[PDB]
Amino acid sequence: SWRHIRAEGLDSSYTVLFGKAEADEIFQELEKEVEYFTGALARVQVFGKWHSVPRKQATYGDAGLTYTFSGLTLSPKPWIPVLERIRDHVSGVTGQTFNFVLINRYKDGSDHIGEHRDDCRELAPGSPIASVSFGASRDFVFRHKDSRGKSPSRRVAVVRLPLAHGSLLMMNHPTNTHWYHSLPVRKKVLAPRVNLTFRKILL
DNA sequence: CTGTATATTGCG
DNA sequence: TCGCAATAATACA
Ligand SMILES: O=C(O)CCC(=O)C(=O)O
Ligand SMILES: [Mn+2]
């Protein structure tokens, strides 16, 4: 069964792919195998200022591709067994295909990601995004674009969702046209979390 | 009276 | 501790 997350312009689906034992093993292999970007490849530019990202990132996928957000371009690394196994399984469950994965690792509840839409030029038009989570459960927040700021034109409610160990969140079109998402700071969370967002990228 | 868009600071 | 409006400076269209 899928929990359907629906609101005006919001269309997402949530389910648990893996039980505890399997999700533990996958997490441990991710921790062991994934090579994260450092230094110059972990700095972004937002509002005219450069910052080191408050988390760790890695990109895997087919050769040739490119992934640019916030002034930072990330070349994908060749697929490794554990990412292919997760990719293929998501594909078998959803029917959707993927040639790329972005990995965000939050070492604890102080690591986080800011509010944004996934609306890249390099993202295939109307292609779903598969977000698979491992480790600590973290709250994932959807805010509507017209409901943000000083004076909002719309009073659409915020949508909050705990992403569990071994879960899958599907973000279908047009979720990313109208809704920003983020993983806010959760100061009580002491354990790491690894998130995989599988995507379809144009060459 | 009025373009649009975007990590931490500075509040509450 | 949590939420979030303001905004570091441009870069557009
Ligand atoms: O950490 C997550 O659950 C999602 C991360 C994300 O949205 C991104 O990396 O663009
Ligand atoms: Mn995202």
Side-chain angles (χ1 to χ4, degrees), chain A residues 5-12 14 34 36-59 65-76 100-127 129 131 133 135-165 167 169 171-197 199 201-202:
Chain A
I5 325 298
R6 268 154 197 171
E8 187 180 52
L10 210 199
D11 184 336
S12 285
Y14 181 87
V34 178
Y36 291 97
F37 289 118
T38 61
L41 293 169
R43 291 180 69 72
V44 297
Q45 184 193 36
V46 185
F47 268 91
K49 277 190 160 144
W50 292 88
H51 302 268
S52 288
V53 302
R55 62 192 173 273
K56 292 184 187 181
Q57 306 181 301
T59 58
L65 303 169
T66 259
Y67 189 78
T68 299
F69 72 103
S70 308
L72 175 61
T73 301
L74 262 21
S75 290
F100 190 92
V101 66
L102 166 76
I103 305 177
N104 282 282
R105 186 185 185 280
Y106 309 82
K107 81 182 200 290
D108 58 28
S110 72
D111 274 4
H112 61 276
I113 187 165
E115 228 172 3
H116 68 284
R117 300 176 292 188
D118 290 342
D119 62 348
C120 282
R121 296 265 171 162
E122 52 270 1
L123 273 163
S127 66
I129 295 155
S131 173
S133 302
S137 189
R138 289 283 296 274
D139 293 321
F140 189 75
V141 173
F142 282 121
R143 282 173 83 213
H144 192 266
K145 68 172 180 186
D146 301 337
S147 75
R148 291 152 78 259
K150 29 204 150 190
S151 50
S153 67
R154 295 185 68 38
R155 285 187 275 176
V156 180
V158 176
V159 173
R160 286 171 191 98
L161 216 188
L163 301 179
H165 182 48
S167 68
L169 178 72
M171 288 169 287
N172 311 305
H173 178 85
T175 290
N176 284 106
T177 321
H178 302 281
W179 292 78
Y180 290 80
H181 55 269
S182 64
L183 203 93
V185 171
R186 286 283 169 277
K187 279 283 191 286
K188 298 175 193 70
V189 178
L190 303 173
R193 170 182 178 262
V194 176
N195 172 80
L196 297 63
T197 55
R199 309 172 186 266
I201 308 296
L202 300 153

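In what follows, chains are A, B, ... by sequence order, proteins preceding strands, each numbered from 1. All values below come from the heavy atoms of this structure, side chains included, with hydrogens, waters and symmetry mates left out.
In this structure, A/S12 and A/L169 approach most closely via the heavy-atom pair CB-CD1, 4.1 Å. The shortest heavy-atom contact between A/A58 and A/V34 is CB-CG1, 3.9 Å. The minimum heavy-atom distance linking A/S167 with A/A164 is given by the pair OG-O, 2.8 Å.
Sugar conformation at C/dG3 is south: the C1'-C2'-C3'-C4' dihedral has a negative sign, consistent with the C2'-endo side. B/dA5 has a positive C1'-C2'-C3'-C4' torsion, placing its sugar in the north range. The furanose ring of C/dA9 falls on the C2'-endo (south) side of the pseudorotation cycle, as its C1'-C2'-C3'-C4' torsion is below zero. In this entry B/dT4 carries a north-puckered sugar, per its positive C1'-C2'-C3'-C4' angle.
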Expected list for residues 44-52 of chain A: side-chain donor-acceptor pairs under 3.5 angstrom, two or more places apart:
unit_1: A/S52; atom_1: OG; unit_2: A/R43; atom_2: NH1; d: 3.0

Please tabulate, one pair per line, all N/O donor-acceptor pairs under 3.5 Å involving side-chain atoms of residues 107-114 of chain A, not counting sequence neighbours.
unit_1: A/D108; atom_1: OD1; unit_2: A/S110; atom_2: N; d: 2.9
unit_1: A/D108; atom_1: OD1; unit_2: A/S110; atom_2: OG; d: 2.6
unit_1: A/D111; atom_1: OD2; unit_2: A/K107; atom_2: N; d: 3.0
unit_1: A/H112; atom_1: ND1; unit_2: A/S110; atom_2: O; d: 2.9

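Taking atom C1' on both C/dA8 and B/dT2, the two are 24 Å apart, rounded to the nearest angstrom. Between C/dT7 and B/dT6, the distance separating the two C1' atoms is 10 Å to the nearest Å. Remark: the separation of the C1' atoms in B/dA5 and C/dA6 is 15 Å, to the nearest Å.
Listed by chain and residue number, A/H116, A/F140 satisfy the ring-ring contact (aromatic ring centres under 6.0 Å, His included) test with A/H181 (two or more places apart in sequence, or in another chain). The side-chain hydrogen bond (donor to acceptor under 3.5 Å, both in side chains) test applied to A/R199 returns A/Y67, A/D118, A/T197, not counting sequence neighbours. Under the side-chain hydrogen bond (donor to acceptor under 3.5 Å, both in side chains) criterion, A/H165 pairs with A/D24, sequence neighbours left out. Contacts of A/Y14 classified as side-chain hydrogen bond (donor to acceptor under 3.5 Å, both in side chains), with partners at least two apart in sequence or in another chain: none. Every residue was checked against the side-chain hydrogen bond (donor to acceptor under 3.5 Å, both in side chains) condition with A/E122, not counting sequence neighbours, and none meets it.
Contacts between residues 151-164 of chain A and DNA chain C, defined by a heavy-atom separation under 4.0 Å, are made by A/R160.
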Structure string for DNA chain B in dot-bracket form, Watson-Crick and G-U at under 3.5 Å, | interchain: ..||||||||||
Protein-to-nucleotide contact annotation, 5' to 3' order, nucleotides 5-12 of chain B [B base; S sugar-phosphate only; - none; under 4.0 Å, heavy atom]: -BBS----
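Between A/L72 and A/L41 there is a side-chain heavy-atom pair separated by less than 4.5 Å.
Stacking between C/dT7 and C/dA8 is absent, since the six-membered rings do not have centres under 5.5 Å apart together with planes under 30°. Adjacent in the strand, C/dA5 and C/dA6 form a stacked pair, their six-membered rings being closer than 5.5 Å at the centres and less than 30 degrees apart in orientation.
For the side-chain hydrogen bond (donor to acceptor under 3.5 Å, both in side chains) condition, the pairs that include at least one residue of residues 144-157 of chain A, sequence neighbours left out, are A/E8-A/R154.
The nucleotide range of DNA chain C contacted by chain A, defined by atoms under 4.0 angstrom from heavy atoms of the protein and reported 5' to 3', is C/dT1 to C/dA9.
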Step-by-step side-chain hydrogen bond (donor to acceptor under 3.5 Å, both in side chains) determination, A/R193 to A/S133: CA-CA 7 Å; A/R193 170 182 178 262; A/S133 302; 2.9 Å; yes
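Between the CG atom of A/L163 and the CG atom of A/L183 there is a distance of 7.0 Å, given to the nearest 0.5 Å.
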